[PDB]
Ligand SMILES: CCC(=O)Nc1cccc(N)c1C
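Next up: a single chain in structure tokens, the form solved without the ligand.
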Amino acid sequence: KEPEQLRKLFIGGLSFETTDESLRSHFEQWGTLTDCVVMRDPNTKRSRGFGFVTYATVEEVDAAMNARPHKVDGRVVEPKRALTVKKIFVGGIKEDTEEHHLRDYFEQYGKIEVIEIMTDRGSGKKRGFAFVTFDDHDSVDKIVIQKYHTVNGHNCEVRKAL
């Protein structure tokens, strides 16, 4: 079983009338839920407007994220995997890595809007790193939890870029 942390979706922006049961019935459309909680005040029991769900598998998390936007009990909510940005730094690509290497690999994580292969300001030579900007943060979130990224035969360092 994948680590539980990687099977969780944290759901912001809930309707205050959403319950454990209604949040569960909604997100069970995209997989088996082993846990589903609406956060509430300990004294008033009034919703805090957010919660989380835990799927049985990471593929189920993916399915839920691919089904965004989610309207739950009449309100569009904001699910996120376990710093919300749309851009990554990709290091270690050396001088022989081109746009199409980066595109063919990273397009399978999300929709790419910008690829920027970095060159030396003085010489024009490639510096061996790049930035990739996507249309949505979940691509980056999937990317940076991987232990490894292999592109053009290179083991790359990938992190969020601000």
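Numbers for residues come from their place in the sequence shown, where the first is 1.
Missing deposited residues between residue 82 and residue 83: 10 or more, all without coordinates in the entry. Mean CA temperature factor is higher for 91-99 when stretches 91-99 and 127-135 are set side by side in the entry. Higher mean CA B-factor, judged across 114-122 and 51-59 from the recorded values: 114-122. Highest C-alpha temperature factor among 24, 147, 142, 154, as the PDB entry reports it: 154. The entry lists a Cα temperature factor for residue 104 that places it in the highest third of the chain's modelled residues.
Only in words, not in the display: the form deposited with the ligand bound, which the text now covers.
The ligand is not shown here, and in the deposited complex it never comes within 4.5 Å of any heavy atom of residue 28.
Among residues of the shown chain, residue 32 is not one whose heavy atoms approach the ligand to within 4.5 Å in the deposited complex. Of the heavy atoms in residue 142, some are within 4.5 Å of the ligand in the deposited complex. At the 4.5 Å threshold, heavy atoms of residue 94 stay clear of the ligand in the deposited complex, well away from it. Along 101-127, a non-hydrogen atom within 4.5 Å of the ligand in the deposited complex is carried by 107, 108, 109, 110, 111, in order along the sequence.
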